[PDB]
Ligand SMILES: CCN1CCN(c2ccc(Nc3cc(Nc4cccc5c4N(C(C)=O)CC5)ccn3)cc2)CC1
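First, one chain by itself in structure tokens, the form solved without this ligand.
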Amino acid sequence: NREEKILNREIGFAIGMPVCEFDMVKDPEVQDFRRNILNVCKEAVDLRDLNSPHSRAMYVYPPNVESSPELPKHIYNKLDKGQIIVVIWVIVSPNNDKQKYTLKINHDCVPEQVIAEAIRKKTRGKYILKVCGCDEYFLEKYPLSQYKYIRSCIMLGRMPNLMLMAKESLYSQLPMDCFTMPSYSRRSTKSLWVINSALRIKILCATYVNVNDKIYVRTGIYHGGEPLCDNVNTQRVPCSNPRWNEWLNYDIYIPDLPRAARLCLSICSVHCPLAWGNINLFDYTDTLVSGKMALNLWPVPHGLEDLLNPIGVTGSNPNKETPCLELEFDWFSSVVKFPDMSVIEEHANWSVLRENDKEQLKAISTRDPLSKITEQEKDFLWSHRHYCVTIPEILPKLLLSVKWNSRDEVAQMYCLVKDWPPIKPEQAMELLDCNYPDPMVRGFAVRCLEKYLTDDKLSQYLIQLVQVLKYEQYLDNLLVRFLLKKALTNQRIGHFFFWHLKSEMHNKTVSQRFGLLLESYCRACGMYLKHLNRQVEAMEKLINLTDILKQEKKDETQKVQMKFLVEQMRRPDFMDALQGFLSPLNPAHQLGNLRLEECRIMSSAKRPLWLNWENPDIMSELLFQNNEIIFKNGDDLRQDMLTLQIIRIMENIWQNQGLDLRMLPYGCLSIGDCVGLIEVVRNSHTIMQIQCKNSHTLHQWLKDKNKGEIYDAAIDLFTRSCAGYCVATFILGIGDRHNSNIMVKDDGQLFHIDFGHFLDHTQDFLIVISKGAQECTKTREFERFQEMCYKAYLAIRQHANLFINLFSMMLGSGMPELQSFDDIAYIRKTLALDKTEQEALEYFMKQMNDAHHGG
């Protein structure tokens, strides 16, 4: 009717292509995916609408809290006998008069326990605490130290500004929104293990094979990246008539193919491959493909080594002009189905010590997921299946020991997975990579993922959990139903879940899968769809604004380029879309009225856009009066977000161990095709600008801005904020540390800025470390700059598996740095976990003393 036709237009605006364009898809899987089996996401809507409007407040404004309630030991010493001073504001007045209160509370006070003391001070479930200057609310019962804002105040010794609002005022801001089902929501066999035959797949011809010496098709059965059998060749034929009509015979027995087994295609010319394509041998209904099939082949491999592409996308190229290879897979005069779990469980049951072996299990468990496991070690893990259960973290290595060529082994391993003890979520994430493709294995991780991930940990790893959706071979699966439910229960999760999918829409390998996912999110996200629509039109206004600035690239600032930006932002169509919404880079920051005098274009080779937005809050001055965000268009920001996510994980590990590393990872998001946003850090200047364009001017600026008892802190933190970025630069192999890539805050805290590429491709810093000494090396303060570095990598080395699992997931992301696992070998190269950290230290000095010529 009218409302359904109305709703379907902004949904197509928020995703970029119409909803009706999904109705013309002929694929039964796509239409079946959109049907009511996936619209059970109404359970998310029913959950968030259950205890309205409190549940709608929790959904719209989810708490930004910490994973661990317990405060670090060194941070607990920053308090005053377990007390934190907070300023409580109660504003009841005609227009703008504000009342200020100061409280003496514990650091772990309940958010509604602050009200009791604040009201008691005023009067020597009615109010809520909002952070002054942003839309952050203390709605959930969590310790104040657990909340990110108050803990960050203890991080830097800042003053926590919290103000009082009546809960009825926030509730009135959340009108009820209901979920309505769409039009398309209305609406024996033969086992695979009973047919005694070998796998036999016919190659007929290539419709539009890319050729301009002979052409042959290279095929192989794969389960992840390992070969499920010997690859089978095809007779070479002339390029003019690539007609093959050959029934290739595979050494793999038909009642031996695993559920996730798939056939990989490769048209090769003599031996350079021409095109690649993977075909799932089964379907989402557990049906082995039969009859004639047509597949359009993807473009020339993936810049990889071997001919086939075992890991990738299982499907036909959306472009119909791509080389199309038609195949006649099977003909058994019946419908052949992969057996149910009950048959498999009985099949496995039918078939069925304190030596160094128990100590060898621990050694294999602690090894990193790139140390190749030898066959004798793989056979070693085979015979200790009943003992590998005692060590839950051996499961990733056990799943590579089992051979998927054998029906009895895979059936035996299935019974292990169901009774396998739950593991840590960080380890369970590796089970969702390109390897480990078995649906029971792939679904085991999700069950532990949904039980042990917190909302903030999910927020840190959300960029990783999205990228592993592509490693799933079907549109409907256990992982997406976990991710979709999370996005429709938390606005903060849903905000970044939406923007991460939408950023990956220009990629036709995932546009079909992500487009269906976005539609299921946009249909049930509630009133946030119009907020998201405002952000989408605000960003797409800037995307065309930056693109039209790229037309006049050869121009200077304070000129045609600068005057075009000034005049084009005063236009009511431009200006209305560019205010009164929530910042894409932070859902709690309202990008209100613009400041045309405070928005400019940087005079750099990229020319990004400095954009300044007022803070429309009655108490905006208590945090910040303006939002500064860098909108740049032309360079990919996916590498930047990954590196900045490593920094956050790196500093969190160091902080929890009593190492007061105080590095600052600035906000970063990717919103489209190499388009993104950067959270500006104010009160910070590039070193290249500090030295106006001598090797002592850097220390002078820090000295005159910190005079008296505060001079030590500008030096105490400068050493700690420079040590953390030298280790992080070398561990991650980040590029040249240009003077323009580094900025230092007013109070000595410095950080690195141009990140991106990594793992490959008399200093004014030192005089500051020695507190202005001419020879820093001989000074005592230099030993603190080195002893703290030495105590640091042990935290990274003890937690190197996390930095490996999180890197194994971006292979299917299109980022050139992480094409293969060989690019993650740099992590174990610069950390050396196979060695001992008694001897891994010596490798670190030999690298710092070679580039810096001693020290």
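Heads up: residue numbers just count along the shown sequence, starting at 1.
Just so it is clear, the following notes concern the form deposited with this ligand bound, a form of the same protein that is not shown.
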| property | result |
| --- | --- |
| Open or blocked, once this ligand is placed by superposing site C-alphas in the entry with it bound (3+ ligand atoms within 2.4 Å of backbone or C-beta means blocked) | blocked |
| Which of 46 to 54, 27 to 35, 65 to 73, 809 to 817 lines the interface with this ligand in the entry with it bound (heavy atom within 4.5 Å) | 809 to 817 |
| Interface residue in the entry with it bound among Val237, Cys229, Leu370, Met562, criterion: non-hydrogen atom within 4.5 angstroms of this ligand | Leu370 |
| Residue among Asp433, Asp617, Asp438, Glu504 with a heavy atom within 4.5 Å of this ligand in the entry with it bound | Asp433 |
| Touches this ligand in the entry with it bound: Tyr471 (any heavy atom, 4.5 Å) | yes |
| Proximity of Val480 to this ligand in the entry with it bound, heavy atoms at 4.5 Å | no |
| Close approach of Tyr790 to this ligand in the entry with it bound, 4.5 Å, heavy atom | no |
| Touches this ligand in the entry with it bound: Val536 (any heavy atom, 4.5 Å) | no |
| Within 4.5 Å of this ligand in the entry with it bound: residues from 288 to 302 (heavy atom criterion) | none |
